[PDB]
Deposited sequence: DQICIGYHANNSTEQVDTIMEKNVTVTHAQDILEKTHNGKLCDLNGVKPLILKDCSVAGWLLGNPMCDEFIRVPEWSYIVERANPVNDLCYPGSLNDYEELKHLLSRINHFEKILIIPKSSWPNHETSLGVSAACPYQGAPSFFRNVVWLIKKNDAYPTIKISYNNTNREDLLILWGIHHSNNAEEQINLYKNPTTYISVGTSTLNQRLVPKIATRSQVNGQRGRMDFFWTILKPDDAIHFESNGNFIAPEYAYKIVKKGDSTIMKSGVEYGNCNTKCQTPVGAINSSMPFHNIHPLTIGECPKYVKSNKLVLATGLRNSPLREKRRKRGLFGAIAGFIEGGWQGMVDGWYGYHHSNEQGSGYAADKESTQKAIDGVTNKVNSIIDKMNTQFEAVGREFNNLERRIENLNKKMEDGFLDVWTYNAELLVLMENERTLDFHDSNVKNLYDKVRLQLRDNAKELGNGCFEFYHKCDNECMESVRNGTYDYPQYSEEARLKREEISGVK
């Protein structure tokens, strides 16, 4: 007749890591790392992204004739740009402050293209010959569609003076440019006037552009260049243009109607007619996990990114330090299904495994609260944001990279170290709960049984099946059976 104290065992092969031991097989564990993605671009909470295909942001905004698909865009959730878009600037040149514009686009969800300067507004200039073979449409020379390349009419280019007063209640993004002619003859053939300028003024802009007539290398078959500029025209302000040549004038502008969180994503994976709450450039995530290792650059409600390949929290015991688990109790009980700790009883009346629901719920509550506390502390982590730099901005670009990679390393260490330390603490917690139950039965039985040291108490007397129950309840009468044990001794 004997009562035993033991712990759960099963056939779980899930492993966890600790500071002192790797690949410790536990009865119960919880993965906290998401490692899977649907491999496709999806709508973000019902709203489709804007996929520019082979067109860049500059080709869309200025109206590269190969980008007609986006002459009018519905509202987007985010913008997808392929890494090296073919249709960028059909006519060689530049777009000033291009990275500051992209940063501004990242906080905009909808444009409305409005005509602000009709071509009828230029009665004394030519508005139909401003085309180039560098900007082909259907094999024929063309140009950007949102601006107009004005040239001379009847061998004259009168001085332009025009003002647009923004009458909408939303800000307007407006683009214009300057053409850099190739030589003094071409300068005259196009604009007649040999010494030209472009003036642009608002309440804050005070720009003067002068053509640079020089020899340059051919790009897209052209030695000329076009330098484009942009501004944000505030609701009740006006923009004033003055030019005697080389003016690429605004025709259409963009009314910024919806502002909100967005990003310009560099991805080439295809749209998949799906919805998600979390998008990465490699694919969407559907997960309640607190961590993921898919990609740093995400948008939406996402898990926290880590470079970890494994993040598994030990919730259960060591499968088959305080000296109980794998100590004087050498192995787990597979026949014990309910509860994490309990007793095995043996007498003439019967035999069976009985769980200690009191000690078990204490352990489940603590183990569960630890998992919740761990998840809660990682709500506020560093999240990378898309910042673009140009070729003479390589120091701040490198500072950016080192900062974003720095924080990511800090949080990767924080997540992996916390799991290791608390896994160790959790295993030691189960070991302590078993010994406290072994000491609960002891100091209650006393010399009514000999403690064999294997976790069992060999009763010198005999126990009813209800006798074993009373100790499991926590109340047991030592004097009632004190007499039978003395005779059994010797």
{"property": "Unmodelled ranges, which are counted on the deposited sequence from position 1 and given in order", "result": "321 to 330, 501 to 506"}
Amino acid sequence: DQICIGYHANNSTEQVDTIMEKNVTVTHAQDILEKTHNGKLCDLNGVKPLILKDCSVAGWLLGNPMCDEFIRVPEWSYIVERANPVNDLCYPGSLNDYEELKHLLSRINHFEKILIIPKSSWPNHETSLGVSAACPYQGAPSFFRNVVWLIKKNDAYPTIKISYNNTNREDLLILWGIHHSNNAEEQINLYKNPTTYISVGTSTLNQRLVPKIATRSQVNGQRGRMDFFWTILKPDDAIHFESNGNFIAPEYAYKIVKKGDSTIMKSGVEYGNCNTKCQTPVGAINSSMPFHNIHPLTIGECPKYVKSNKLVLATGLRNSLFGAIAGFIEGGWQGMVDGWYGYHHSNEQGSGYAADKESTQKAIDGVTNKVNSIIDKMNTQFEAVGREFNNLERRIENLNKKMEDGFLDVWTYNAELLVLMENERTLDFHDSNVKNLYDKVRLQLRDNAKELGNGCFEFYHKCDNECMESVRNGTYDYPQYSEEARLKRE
From here on, numbers count along this sequence of modelled residues.
| item | value |
| --- | --- |
| Per the entry, higher mean C-alpha B factor between 223 to 231 and 77 to 85 | 77 to 85 |
| Mean C-alpha temperature factor, higher of 145 to 153 and 280 to 288 | 280 to 288 |
| Highest-ranked of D356, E99, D171, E185 once sorted by CA temperature factor in the record | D356 |
| C-alpha B-factor winner, where the candidates are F247, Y343, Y164, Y252 | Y343 |
| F241, C-alpha B-factor rank within chain (lowest, middle or highest third) | lowest |
| Within-chain third of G139 by Cα B-factor, per the entry | middle |
| Third of the chain's Cα B-factor distribution that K370 belongs to, per the entry | highest |
| CA B-factor placement of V312, once the chain's modelled residues are sorted into thirds | highest |
| Third of the chain's Cα B-factor distribution that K362 belongs to, per the entry | highest |
